[PDB]
């Protein structure tokens, strides 16, 4: 009896009944202990003696044994205990070896991480993916991971190690072909990695989420090629209420917080600091296997960000046999700024970027039905390379309503680069243009329409303060065709501007172009006393359907017309009034209108 009690079966001989309730099960102590499981239950030597974790102990095989065993019973939750740091010091074996995997996750086996998991210097200068849900080296031949949740107040610490070579990959959690998996509460910190977490594989997976996690200092070297902290590669998945921070200079040039790469995905309520980019929203044709060729129902909302490059990047692309499409996107409620930096010191600052594909092509994209509403954006006055939208590839539609943009440019694309074909660009008059960059815009167009063509578009410019430094509010080079569009410049704060809207190819004459903008015009009258015509001296107004005075009349003896129409020779003409006769000559600020 004493022998049995002291044996490993001893708890199985000590009886227990819950709270002494006579109606409860007559169990043994070991049965109640068997209701929970921890790493300590597997962290032992071959004789079964517990081993203390630490920097000289490789915990990997013990944690794998625990996972494998719980998997064999239909699942459960393994605790990684608080008050200890559990080091990982070798690669895993089998199916995860193809992925540089350390631990293999298994279906229905959750990890409650309350302590700390650290990488040992075995991993210095090497690739690694700490937790891998694939079960095969070839993701296409992998089985699924289902019902796997990682959660707790604990920490995954990547040991500070730099990348050995840029071509290496490093990840925290790769769930694989992942269905109903999640990470909640965990701090990922102190690394040089490619991703912290990836969800799904090329569209295979569903209902994967990252919630209330922190990602701190996960890029630290010039070797690191690229970084996205969470990559969402399965539908019906997303990221909420997370915290992302970087301190490295390299992070400002390479790091993005989130990638949304399949339909019905979201990124919400998160705070970002120190990153180059906020989120990619992309349909890569190469990733369309599991959920189709369309990324739709994409949501970026209610985030807070200080970044150095672009907040949201939109794109789609093609392969030999598949074409990717991006539509039905909403970007709303986000408050974003470009952090303090020199002009041109990081990738071009933007709220929205329409980005060319990885080979630089701007003629592959199929992006449409995007709504950008109720956001704020700010860039400091010195940051020349700051835009509401950098529109650098073909765009099939994007709608801006009720945003507040306070940066150098509203719409921009660099000249002599890409020549996007633009359709359905809608800039509603309810977009408020801030004044931080007033006086900085010498030689620049606020809306610099450096496109191949623009159709079915609306640009309603409304200033909120003066900026007489700018060359124009909106300019179309002669190379940009413009048709079936509405372009207006409100007169407020424009009285002193030489140029308001500029059409370098006279494109505002087009049959289905609807415009209005202010201009100064010299007129001369006939000598007749009484009702008397005034005519413009210049003949460049053949396209004008009406014009009206924006100037007061300082004269007593006459008045110019209040409103004008045109004549076939391109003159404006209106009927004013000479109280006394005489030829009159005036210069008047007019609102020129065409079909509006």
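Numbering follows the first chain given and starts at 1.
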Is the mean CA B factor in the deposited entry higher across 505-513 or across 159-167? 159-167
Given the B-factors recorded for C-alpha atoms, which segment has the greater mean, 76-84 or 205-213? 76-84
Going by the entry, which of 419, 178, 494, 194 has the most elevated CA B factor? 419
Checking the record values for 531, 550, 547, 32, which has the greatest CA B factor? 32
Splitting the chain's C-alpha B-factors into thirds, which one does residue 227 fall into? middle
Once the chain's modelled residues are ordered by C-alpha B factor and cut into thirds, is residue 456 in the lowest, middle or highest one? lowest
Lowest, middle or highest third: where is residue 136 by Cα B-factor in its chain? highest
How does the C-alpha B factor of residue 526 compare with the rest of the chain: lowest, middle or highest third? middle
Quick check on the deposited entry: does the C-alpha B-factor of residue 573 sit in the lowest, middle or highest third of its chain? lowest
